[PDB]
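The chains carry the letters A, B, C, D, E, F, G, H and I, assigned in the order they are written, with residues numbered from 1 in each.
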Amino acid sequence: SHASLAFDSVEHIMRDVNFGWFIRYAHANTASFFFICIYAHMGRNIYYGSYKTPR
Amino acid sequence: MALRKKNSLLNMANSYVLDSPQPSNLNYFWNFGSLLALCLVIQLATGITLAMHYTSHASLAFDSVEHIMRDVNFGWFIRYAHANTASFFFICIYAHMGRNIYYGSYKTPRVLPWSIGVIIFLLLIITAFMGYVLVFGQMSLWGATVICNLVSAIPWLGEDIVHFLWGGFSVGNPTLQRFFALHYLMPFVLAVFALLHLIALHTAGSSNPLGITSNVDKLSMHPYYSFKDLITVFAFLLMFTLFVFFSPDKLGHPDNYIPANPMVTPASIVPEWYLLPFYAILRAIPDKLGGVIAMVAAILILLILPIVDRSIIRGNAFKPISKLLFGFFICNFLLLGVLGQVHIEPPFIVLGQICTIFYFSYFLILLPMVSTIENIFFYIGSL
Amino acid sequence: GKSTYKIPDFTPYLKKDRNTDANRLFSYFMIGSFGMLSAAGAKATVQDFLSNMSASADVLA
Amino acid sequence: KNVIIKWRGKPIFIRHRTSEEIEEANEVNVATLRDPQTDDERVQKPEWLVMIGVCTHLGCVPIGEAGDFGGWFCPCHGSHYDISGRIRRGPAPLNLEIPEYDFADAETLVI
Amino acid sequence: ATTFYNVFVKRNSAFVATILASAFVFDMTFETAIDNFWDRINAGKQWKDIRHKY
Amino acid sequence: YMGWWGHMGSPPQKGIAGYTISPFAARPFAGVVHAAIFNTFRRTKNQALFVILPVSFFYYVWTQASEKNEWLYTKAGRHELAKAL
Amino acid sequence: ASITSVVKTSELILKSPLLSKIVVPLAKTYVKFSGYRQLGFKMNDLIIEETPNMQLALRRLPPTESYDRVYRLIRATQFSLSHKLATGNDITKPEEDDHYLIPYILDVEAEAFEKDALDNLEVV
Amino acid sequence: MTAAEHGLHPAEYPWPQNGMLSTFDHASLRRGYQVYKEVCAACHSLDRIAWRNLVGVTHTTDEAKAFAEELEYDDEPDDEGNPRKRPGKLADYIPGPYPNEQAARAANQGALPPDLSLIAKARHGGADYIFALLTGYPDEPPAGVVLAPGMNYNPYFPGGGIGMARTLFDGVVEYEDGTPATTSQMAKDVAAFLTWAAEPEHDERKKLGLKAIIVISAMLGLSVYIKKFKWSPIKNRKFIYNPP
Amino acid sequence: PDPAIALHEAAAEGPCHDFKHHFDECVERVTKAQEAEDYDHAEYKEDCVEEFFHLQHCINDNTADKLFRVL
């Protein structure tokens, strides 16, 4: 987490750690998918009135 | 219907902290539950704060802890609070387990909260061991070395598993960074298990010191145990204050203020005081693998208390012989602790073995015998 | 022993001036003092503890 | 004298053993040895005891010259190694590992 | 003394206001008082006691 | 095994009358002096053996062990130490 | 352990003259030191009741016995929380320490153990 | 273990800072810094202490800036990217006598003089151990001790043979405050200074502890009254049983 | 001059006299034993460390307070 090493530690994950590339990409991409799904979920809730009483 | 009972979320709170029906005669040893929750909260708050200042990289870890001590505002307090509360956590957890053993809290119908509790105890040990390594002083490194090499005892795969834990060929940077991540996580796992053992307990409700039903005479958790818990909270905080402010290093090892040096092995490597009894049990067995199994068995054997206690009566308040046996068991557990920190020299070698035998024979021989005999004495005695 | 209208003896515990405002006020003074020290102690704890997040001495240099 | 060279973070004990030290090591009947080996099997040169100086029990580095067999004593659980670096007493199962070392010159070894 | 109860204690809003105002007063005065006490028991020892030389 | 308020799972109760007084009506510290002295002495006396016996035994054991250990690592204890190893 | 086991073993001891001569005096002192009588309990009040068998036995108690048991538990719980002991009539005298529950639990268990046996019978 | 192998355990000396309500004597701290600077700094670093740490403890801002400005520290490279030195600032750490471990060991017949920033916390005994060790070189080693070459006999050091020679002798320092610089005086001062270096929060910590103890005691007393008050209905409960 | 020197000497002659004499007698024995030949080829070489520790421990108990009082 130290700023002198942070960026380099992420490169170390990409280049040196076994499957580091996958774990890093999975984490970064799933952050995007998380938002797609959360918008979808909120969209579903707005369209179908899940926000009304009793919910 | 009142809101606290109507609303699903409030009602869960209500069921545990407010209307929860408690026996009306719980004594002060029922207060360790809440102190352990307080320790858990202090450790989370101080630990998360330390995490904001600590650097897990081995080139910087020790120095980052010095930076917390010297440069961060109140860093000294947060660090000492975290380190001392680790000790208090174990005092309270042993007290709580002591209460549970003496009063037969492990018997039906509370085997499940007891058994989940034994897992909480293992997680506390692992959490505290990893946290100790994060300082990366001499005891940090050498403790990690010794303890992770116990896994080498696993036949065939042992060596491979150790290198897998370390992320390398020795304890080093990879190990320290992974211990950071796990030490951060483990307390959350621990909190989940703590909550599970409470949910499991809620079906039977708390035991009480008489070991009879309390269904006949209940008291709301609040205000009565709320205010009773405050007394021990302030007693705990007084003890916390005396350590943290006036003797912050009494419970620590000086060698942990020397940076980790893989070359020099410290004069004596002992674990933190609260692991010492298990360390003594490990030393007692000469075989590597034997020692590891014995050490683990010393914790897992708690799981059989529900079976080996044959008594028709719950707990020891009314059982003079069981009370004496319990006294000897507890004093032996403290002797084991002391033998964990002496040098491996005569005559402590033989003594350590005898104390280890006594430890296991309590569960396997004496408690089953004594509890059977007392059953008979109550029956014949009251004819 | 038998009659439930004969209230058991509470004289060892009953205060003679139990319905006076002085009487209630005393107990609330204790409750309130405890709340006052808890408030002052909480404020001190919070203030000192959160200060860890303000610039450390090496950063201020 | 016994040196400590770091190699893969692990310490390497290099002892320059005397004639009489070699003799003392060659004495013990191989029969009575958790890990039965003679010095000849361990060293490729009797004057250069090269070991991975990590205890075979749990992984402390034995304090050299100390012991009861006056070689190395692991302080952790009290396992005593010899002048061959063989285990004599204490929990340790094996003798102190020997790395792959070669004398490139007679005055320099590689590990 | 009824009057004191009625003003400061009867309403919880008032009682909490009184407790917090008292906590404020206590906090400020206790700080000052401990500072002075600590300086008296550690007299001639502290930097503020030797600073004048420099 | 335990219910909730209103159906706690007590066997039926009948015939017990319970009485108590308000916390504001009672002296919280009534008879505290008598309790702190006489009651604590009674409770302590009745439990003293169960603490004294194991404590005294294990302290004696430790004392003997620590004294022997100390003595074995003196000059005087050279021979006994050599035999013990 | 089951009450049945405790009762059977006790009967083996009381049968043997030798055994009873050495065990009866010990058991009487044990019970005196146990000190449950000082809280106004009868021995049987202490038996663990959170088992299906014991719940059944308690349900089979005559109403009077049942109401008095509840009182002794409540009274004892109040002594416990007060850290007081019973005095006078509240102390259980040895003559009042009757095994009111043992016959009921022995019958419950007898049927449950017969049921287990008969679930394992083999037509010959 | 033999007593020799453990080291003689140091006496408990009455330090000014021993005592729940006691600070360090800052005059002693200042004197001890001067001992560090004129004796120990030849071999021992104090890497965790910055010039700014001395300010308002032992020295004014001006004195500490003067000490910093007398040294040269590594600057950022110049515009042609050549290395440069600058004068020290208060944020700079007190620099060590050696560039690395190897140089340190070479200057001390193989022994490595430890950094002293934490030595007071890193040894059993703390101040007492430092004082005992510095003052505890006997004129002659006890008959029969075989010292390894380059070792000196000191009973307080575990094993007895320490690579550090006796260094404090009457009048090696001339204190600027006129205090007689005897071996014992200098050892006491430097031991106090190093204790401060190890725990610089010491004075503040103990003051906050005093506040905590007072308030926590009061809250404990009140919590007992309140508990008793709220529980009195339960404790005082009385029953009348009429069997039905 | 160093206050310790005087205090240590006083404590050796006074309250720690038994231990002083033990250390002295030890030294005499060991020096004599070292004087004799084939000492180097002996199994056990006696030291005086133990007696020294007893003496120093004693001196320190009787001096600690006094020394720090005069600094």
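Quick notes on this one:
Operating definition for what follows: a contact is a pair of C-beta atoms (placed from the backbone, for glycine too) under 8 Å apart; a residue touches a chain by one contact, two chains touch by 3 or more.
By chain, UniProt protein names: B = Cytochrome b; E = Complex III subunit 9; F = Cytochrome b-c1 complex subunit 8; G = Cytochrome b-c1 complex subunit 7; H = quinol--cytochrome-c reductase.
Here the chain at the heart of the shown protein, by mean C-alpha position, is B. By C-beta contact pairs, the most connected chain pair is B-G. Rounded to a whole number, the gap between the C-alpha centres of chain A and chain I is 72 angstrom. Distance between chain C and chain I, defined via averaged C-alpha coordinates, is recorded as 61 Å. The distance from the centre of chain D to the centre of chain G, with each centre set as the mean of the Cα atoms, comes to 67 Å.
Separation between the centroids of chain A and chain H, computed from CA atoms only, is 48 Å. Along chain C, residues 4, 8, 10, 13, 24, 27, 37, 40, 44, 48, 57-58 each make contact with two or more other chains.
Annotation for chain H: residues 1-3, 208, 211, 215-216, 219, 223, 225-226, 229-230, 232, 234, 236-244 touch two or more other chains.
By the document's touch criterion, interfaces exist between A-B, B-C, B-D, B-F, B-G, B-H, C-E, C-F, C-H, E-H, F-G, F-H, F-I, G-H, H-I.
Interface residues of chain G facing chain B in the complex, by the touch rule stated above, are 1, 3, 5-7, 9-10, 13-14, 23-24, 26-36, 39, 41-43, 45-51, 70, 73-74, 76-78, 80-81, 97, 99. Residues 48-49, 51-54, 56-59 of chain C are the ones that touch chain B when the two sit in their complex. Residue ranges on chain H touching chain B, taken from their complex, read 1, 20, 48, 53, 114, 117-118, 121-124, 158, 198-201, 205-206, 208-209, 212-213, 216-217, 219-220, 223-224, 226-227, 230-231, 234. Contacts from chain C toward chain E in the complex involve residues 21-22, 24-25, 28, 32, 35-37, 39-40, 43-44. Against chain I, in their complex, chain H makes its touches with residues 2-4, 8-15, 132, 135-136, 138, 142-146, 155, 160, 170, 182-185, 188.
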